[PDB]
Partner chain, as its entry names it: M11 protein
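First, one chain by itself: the form deposited without its partner chain, in structure tokens.
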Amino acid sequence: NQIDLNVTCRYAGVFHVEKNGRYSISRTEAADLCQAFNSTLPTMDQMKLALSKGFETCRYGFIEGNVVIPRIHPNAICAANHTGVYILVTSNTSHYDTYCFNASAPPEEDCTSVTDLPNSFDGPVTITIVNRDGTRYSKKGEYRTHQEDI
């Protein structure tokens, strides 16, 4: 009864979250996950500003309306060598990572660790935040409000 949430640096408040290091988050779970970080799914405009501050990943994740990958450097294995906010057009499947937006974060690059999941609710799950530098924070709780996600 354990969930790992791997989180990135924030860029203009936007960050990437993956669950157990594999694509495994539904659209409903993504919204709930961001809410647990006192965050929201980013708008396209928010994500484009994050990109302009240095944000890129090699992973599909939800934003409010689309599934995207922010890309600064062309890479043939990430978003078919595209740059900019690459939008996923055609897929059979529904589970990705997510992006989240925290308005209270610093305006540019914030590569400090995340040490809390402030808006998690009471629950039985051991939830571990895992930073890219390995730094961890664990707590017992839950964040999923839809039964189909559990």
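Shifts are known only where both forms have a C-alpha. Numbering follows the first chain given and starts at 1. Superpose the two forms; the largest set of C-alphas matching within 1.5 Å is the rigid core.
From this point on, the text means the form deposited with its partner chain bound, which you will not see here.
Item to complete: Select from the listed residues 119, 52, 81, 43 the one whose heavy atoms reach within 4.5 Å of its partner chain in the deposited complex.
Response: Contact with its partner chain in the deposited complex is made by 81 alone.
Practice prompt. Would you please decide whether residue 111 lies within 4.5 angstroms of its partner chain in the deposited complex, comparing each non-hydrogen atom pair?
Written response: Because no heavy atom of residue 111 falls inside 4.5 Å of its partner chain in the deposited complex, the answer is no.
Worksheet entry | Distance check, residue 85 to its partner chain in the deposited complex, heavy atom within 4.5 Å | Yes, residue 85 is a contact residue.
Worksheet item: Even though its partner chain is not shown here, does residue 101 get within 4.5 Å of it in the deposited complex, heavy atoms only?
Response: Heavy-atom contact with its partner chain at 4.5 Å: absent for residue 101.
Worksheet item: Should residue 60 be classed as touching its partner chain in the deposited complex when contacts are defined as heavy atoms within 4.5 Å?
Response: Result yes; residue 60 sits at the interface with its partner chain in the deposited complex.
Item to complete: Please determine, with the chain shown alone, which of 103-111, 88-96, 120-128, 31-39 has non-hydrogen atoms within 4.5 Å of its partner chain in the deposited complex.
Response: Correct option: 88-96.
Practice prompt. Classify residue 91 as shifted (yes) or not shifted (no) between the shown form and the other one, where shifted means its C-alpha moves by 2 Å or more with the rigid core superposed.
Written response: Comparing forms between the shown form and the other one, the residue 91 CA shifts at least 2 Å.
Item to complete: Over in the other structure, so in the deposited complex, do residue 92 and residue 77 pull closer or drift farther apart at the C-alpha level? The difference is 3 angstroms or more.
Response: Compared with the form shown here, the C-alpha atoms of residue 92 and residue 77 sit farther apart in the deposited complex, by 3 Å or more.
Practice prompt. Can you tell whether residue 91 sits closer to or farther from residue 74 in the deposited complex than it does here, judged by CA atoms, where the change is 3 Å or more?
Written response: Residues separate in the deposited complex, at least 3 Å farther apart.
Worksheet item: With the two forms aligned on the rigid core, where do runs of 3 or more residues move by 2 angstroms or more at the CA atoms between the shown form and the other one?
Response: Run shifting 2 Å or more: just 89-93.
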